[PDB]
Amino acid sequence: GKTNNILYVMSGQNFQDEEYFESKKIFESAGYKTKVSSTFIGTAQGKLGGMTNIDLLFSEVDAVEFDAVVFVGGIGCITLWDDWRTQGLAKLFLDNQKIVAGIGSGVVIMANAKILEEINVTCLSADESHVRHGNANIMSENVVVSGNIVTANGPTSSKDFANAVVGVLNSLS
């Protein structure tokens, strides 16, 4: 049931540009087509002004159509941290044996969904309160692969994060 598709979950405004755009280029080059889910259908705009269109509402996501979900951070992500829909997607993908990945502030959604309890992760330095509150173990690394869970510590690690996600996906058929 491999699809060669990756889903992003991110805020429609003020998502972290580098985390999205730099990972997208790597995912595409590797043969993984990407879609964006958010809170409305239309044009999203990053913190730094970069635009992209939102393909899907969270409510329209079907896990069977994707191999992985990627939670993108940025200051706009804070609006999604306590949202039952984004947490619900984290759990949905985990329970369906998909890859669940987050970068920067996106990791907090995963922590709040209780999918990082006793799991080794990394995260944005500023967010370590939330991540530790979710019982995760914070590792001194830019990117951490823990089975099907992949985390990274923010925009400075966007390319390393994407490469790590591709590595996990390419080991699947």
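All residue numbers refer to positions in the sequence shown, first residue = 1.
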**Report entry** Segment of higher mean CA temperature factor, 56-64 or 30-38
**Finding:** 56-64
Query raised in the report: Among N135, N142, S129, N112, where is the Cα temperature factor highest, going by the PDB entry?
Result: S129
Requested in this report: For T122, return the chain-relative third of its C-alpha B-factor as stated in the PDB record: lowest, middle or highest.
Outcome: lowest
Report summary line: Entry-reported C-alpha B-factor of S146 relative to its chain, by third, is middle
Query raised in the report: Taking the C-alpha B-factors as the PDB entry records them, is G49 in the lowest, middle or highest third of its chain?
Result: highest
Query raised in the report: Lowest, middle or highest third: where is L92 by C-alpha B factor in its chain?
Result: highest
Report task. Comparing against every modelled residue in the chain, figure out the third that the C-alpha B-factor of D160 lands in (lowest, middle or highest). Result -> highest
